[PDB]
Amino acid sequence: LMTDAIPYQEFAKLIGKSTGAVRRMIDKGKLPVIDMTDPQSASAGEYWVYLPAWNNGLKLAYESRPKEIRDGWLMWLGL
């Protein structure tokens, strides 16, 4: 991970969603976000998704479910 943040459009390209969809996600408050904005103004600008927060969040979320649902699917592979 050379960069811990990517513009929300690239993040949109990664998850296969449109740009507008992702901006709507940001406005609804669904994504870890940093704002790049000219110092000489006061509200925004470039919305960058911060990836460590995102992935650590996904990790927490996936580990917090009970092991039944979480680990059940592995039986379909022979585990």
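Residues numbered from 1 in each chain as written, not as in the entry; some residues may be left out. Heavy atoms only, no water.

Its PDB record attributes the structure to X-ray crystallography, giving the resolution as 2.4010 Å.

### Examining the overall build of the protein
Of the regular secondary structure elements, the protein holds 4 helices and 3 strands. When the helices and strands of the protein are placed in sequence order, the string is β-α-α-β-β-α-α. Its C-alpha radius of gyration of 17 Å places the protein more than 25% over the 12 Å reference for a compact globule of 79 residues. Over its C-alpha atoms, taken along the principal directions, the protein stretches across nearly 60 × 30 × 20 Å. Taking all 79 residues of the protein together, 15% fall into the buried category. For the protein, the computed accessible surface area is about 6400 Å², with 58% contributed by carbon and sulfur atoms. (Helix = DSSP H or I, 4+ residues; strand = E, 2+ residues; numbered from the N terminus. Rg over C-alpha atoms; globule rule 2.2 N^0.38 Å. Buried < 20%, exposed > 50% of the residue type's maximum accessible area, 1.4 Å probe, protein only. Areas by Shrake-Rupley, 256 points an atom, 1.4 Å probe, with all protein chains shown as cover.)

### As for the pairing of strand β3 (residues 46-50)
Where strand β1 (residues 5-7) lies against β3, 3 bridges are found, and the strand directions are antiparallel. By the bridge assignment, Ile-6 is partnered in β3 with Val-49. The pairing of strand β2 (residues 33-36) with β3 spans 4 bridges and is classified as antiparallel. Following the sheet pairing, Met-36 is matched in β3 by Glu-46. (Pairing = 2+ DSSP bridges.)

### A look at the sheet that holds β3
Strand order in the open sheet made by the 3 strands is β1-β3-β2, with antiparallel pairing throughout. On the outer flanks of this sheet lie β1 and β2, each paired with one strand and no other. Going from strand to strand, the sheet's axes swing by 35° on average, the running direction of each strand aside. Helix α1 (residues 8-15) rests against β1 and β3 of the sheet, and its axis sits at about 90° to β1. (Axes fitted to C-alpha atoms, helices over the stretch in contact; angles between N-to-C directions. Contact = heavy atoms within 4.5 Å.)

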